[PDB]
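Comments concern the structure below.
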Amino acid sequence: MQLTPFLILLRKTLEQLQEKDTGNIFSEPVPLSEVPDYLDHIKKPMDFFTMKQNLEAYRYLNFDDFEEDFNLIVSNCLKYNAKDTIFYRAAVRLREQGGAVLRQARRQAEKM
Ligand SMILES: C[C@@H]1Nc2ccccc2NC1=O
């Protein structure tokens, strides 16, 4: 498999995932200024801006490593926030809508 078409696919997939995050609540790292306790139990924060930087640093060389960091965005949010919050439900919705995006992208990758 060739590297450039694969990264082109990951770039498109990342854009499709960001489109599902309409509030842009996962676009950038969680502000530790407003959430000073966030690192107490979130051992690896993740967000789409960080994912873009990892992508361009050639840190995602297979679909699973890309998908793992997306799942981290979701799982961090479910962990930190109470179930009755907008944040928690936004993570549920992203898990649902992003899973469909990821399944189609992986089918495209496996054709390579
Ligand atoms: C991910 C999401 N972002 C955020 C921004 C500002 C305050 C708290 C949060 N908590 C979150 O989980």
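Order determines the names: the first chain of the structure tokens is A, the second B, and so forth; residues in each chain are numbered 1 upward, and ligands are numbered 1 upward as they are shown.
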- Task: Could you find all residues in chain A that DSSP calls alpha helix (DSSP H) from the backbone, and write them as a PyMOL selection string?
- Result: chain A and resi 3-20+48-56+63-80+86-110
Grab the residues selected above and save them as a PDB file, in the first residue's frame with C-alpha atoms.
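As a result, again.pdb now contains:
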ATOM      1  CA  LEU A   3       1.557   6.165   1.774  1.00  0.00           C
ATOM      2  CA  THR A   4       0.253   9.325   0.078  1.00  0.00           C
ATOM      3  CA  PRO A   5      -3.236   7.998  -0.887  1.00  0.00           C
ATOM      4  CA  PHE A   6      -3.601   6.590   2.633  1.00  0.00           C
ATOM      5  CA  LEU A   7      -2.881   9.933   4.289  1.00  0.00           C
ATOM      6  CA  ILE A   8      -5.246  11.628   1.823  1.00  0.00           C
ATOM      7  CA  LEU A   9      -7.938   9.218   3.023  1.00  0.00           C
ATOM      8  CA  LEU A  10      -7.164   9.885   6.695  1.00  0.00           C
ATOM      9  CA  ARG A  11      -7.353  13.643   6.063  1.00  0.00           C
ATOM     10  CA  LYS A  12     -10.792  13.277   4.458  1.00  0.00           C
ATOM     11  CA  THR A  13     -11.993  10.983   7.249  1.00  0.00           C
ATOM     12  CA  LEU A  14     -10.823  13.405   9.933  1.00  0.00           C
ATOM     13  CA  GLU A  15     -12.748  16.182   8.175  1.00  0.00           C
ATOM     14  CA  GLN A  16     -15.874  13.988   8.067  1.00  0.00           C
ATOM     15  CA  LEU A  17     -15.546  13.268  11.777  1.00  0.00           C
ATOM     16  CA  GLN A  18     -15.162  16.964  12.603  1.00  0.00           C
ATOM     17  CA  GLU A  19     -18.330  17.658  10.575  1.00  0.00           C
ATOM     18  CA  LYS A  20     -20.271  15.411  12.990  1.00  0.00           C
ATOM     19  CA  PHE A  48      -9.217  16.687  16.594  1.00  0.00           C
ATOM     20  CA  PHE A  49      -6.513  19.381  16.392  1.00  0.00           C
ATOM     21  CA  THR A  50      -4.065  17.015  18.078  1.00  0.00           C
ATOM     22  CA  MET A  51      -5.152  14.251  15.692  1.00  0.00           C
ATOM     23  CA  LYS A  52      -4.403  16.468  12.682  1.00  0.00           C
ATOM     24  CA  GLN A  53      -0.913  17.125  14.046  1.00  0.00           C
ATOM     25  CA  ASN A  54      -0.351  13.403  14.641  1.00  0.00           C
ATOM     26  CA  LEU A  55      -1.614  12.660  11.118  1.00  0.00           C
ATOM     27  CA  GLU A  56       0.824  15.113   9.509  1.00  0.00           C
ATOM     28  CA  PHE A  63      -6.362   2.673  10.323  1.00  0.00           C
ATOM     29  CA  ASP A  64      -6.429   1.305  13.878  1.00  0.00           C
ATOM     30  CA  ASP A  65      -4.037   3.890  15.304  1.00  0.00           C
ATOM     31  CA  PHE A  66      -6.164   6.665  13.796  1.00  0.00           C
ATOM     32  CA  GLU A  67      -9.382   5.123  15.113  1.00  0.00           C
ATOM     33  CA  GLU A  68      -7.880   4.576  18.589  1.00  0.00           C
ATOM     34  CA  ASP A  69      -7.325   8.322  19.077  1.00  0.00           C
ATOM     35  CA  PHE A  70     -10.840   9.083  17.861  1.00  0.00           C
ATOM     36  CA  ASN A  71     -12.178   6.578  20.391  1.00  0.00           C
ATOM     37  CA  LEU A  72     -10.070   8.376  23.016  1.00  0.00           C
ATOM     38  CA  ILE A  73     -11.916  11.646  22.293  1.00  0.00           C
ATOM     39  CA  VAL A  74     -15.183   9.808  22.923  1.00  0.00           C
ATOM     40  CA  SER A  75     -14.074   7.772  25.941  1.00  0.00           C
ATOM     41  CA  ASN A  76     -12.400  10.690  27.750  1.00  0.00           C
ATOM     42  CA  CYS A  77     -15.636  12.669  27.469  1.00  0.00           C
ATOM     43  CA  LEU A  78     -17.858   9.828  28.702  1.00  0.00           C
ATOM     44  CA  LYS A  79     -15.455   9.292  31.620  1.00  0.00           C
ATOM     45  CA  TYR A  80     -15.066  12.878  32.838  1.00  0.00           C
ATOM     46  CA  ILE A  86     -24.719  17.897  27.114  1.00  0.00           C
ATOM     47  CA  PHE A  87     -21.038  16.868  26.900  1.00  0.00           C
ATOM     48  CA  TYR A  88     -21.770  13.243  27.751  1.00  0.00           C
ATOM     49  CA  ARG A  89     -24.598  12.988  25.193  1.00  0.00           C
ATOM     50  CA  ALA A  90     -22.454  14.737  22.561  1.00  0.00           C
ATOM     51  CA  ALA A  91     -19.852  11.994  23.014  1.00  0.00           C
ATOM     52  CA  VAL A  92     -22.531   9.302  22.617  1.00  0.00           C
ATOM     53  CA  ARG A  93     -23.752  10.960  19.420  1.00  0.00           C
ATOM     54  CA  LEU A  94     -20.192  11.296  18.080  1.00  0.00           C
ATOM     55  CA  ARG A  95     -19.540   7.632  18.872  1.00  0.00           C
ATOM     56  CA  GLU A  96     -22.619   6.689  16.835  1.00  0.00           C
ATOM     57  CA  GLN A  97     -22.158   9.005  13.867  1.00  0.00           C
ATOM     58  CA  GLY A  98     -18.374   8.660  13.760  1.00  0.00           C
ATOM     59  CA  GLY A  99     -18.539   4.860  13.801  1.00  0.00           C
ATOM     60  CA  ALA A 100     -20.395   4.894  10.486  1.00  0.00           C
ATOM     61  CA  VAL A 101     -17.833   7.336   9.028  1.00  0.00           C
ATOM     62  CA  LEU A 102     -14.988   5.110  10.188  1.00  0.00           C
ATOM     63  CA  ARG A 103     -16.481   1.877   8.826  1.00  0.00           C
ATOM     64  CA  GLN A 104     -16.840   3.367   5.347  1.00  0.00           C
ATOM     65  CA  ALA A 105     -13.322   4.839   5.430  1.00  0.00           C
ATOM     66  CA  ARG A 106     -11.829   1.499   6.463  1.00  0.00           C
ATOM     67  CA  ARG A 107     -13.571  -0.216   3.550  1.00  0.00           C
ATOM     68  CA  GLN A 108     -11.931   2.363   1.266  1.00  0.00           C
ATOM     69  CA  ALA A 109      -8.529   1.750   2.876  1.00  0.00           C
ATOM     70  CA  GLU A 110      -8.792  -2.040   2.512  1.00  0.00           C
TER      71      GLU A 110
END
Please tabulate, as CSV, the residues of chain A that come within 7 Å of ligand 1, each with its closest pair of atoms and the distance in Å to one decimal, counting only C-alpha atoms and all ligand atoms and ordering rows by chain, then residue number upward.
residue,atom,partner,partner_atom_place_in_ligand_line,distance
A:25,CA,ligand 1,3 (N),5.6
A:26,CA,ligand 1,1 (C),5.5
A:30,CA,ligand 1,3 (N),4.7
A:31,CA,ligand 1,6 (C),5.9
A:34,CA,ligand 1,7 (C),5.9
A:35,CA,ligand 1,8 (C),5.9
A:77,CA,ligand 1,12 (O),4.5
A:80,CA,ligand 1,12 (O),6.3
A:81,CA,ligand 1,12 (O),6.1
A:87,CA,ligand 1,12 (O),5.8
- By how many Å are CA of residue 82 in chain A and CA of residue 46 in chain A apart? 18.5 Å
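For the pair CA of residue 1 in chain A and CA of residue 62 in chain A, the interatomic distance is 10.4 Å.
From CA of residue 57 in chain A back to CA of residue 36 in chain A, the distance works out to 28.8 Å.
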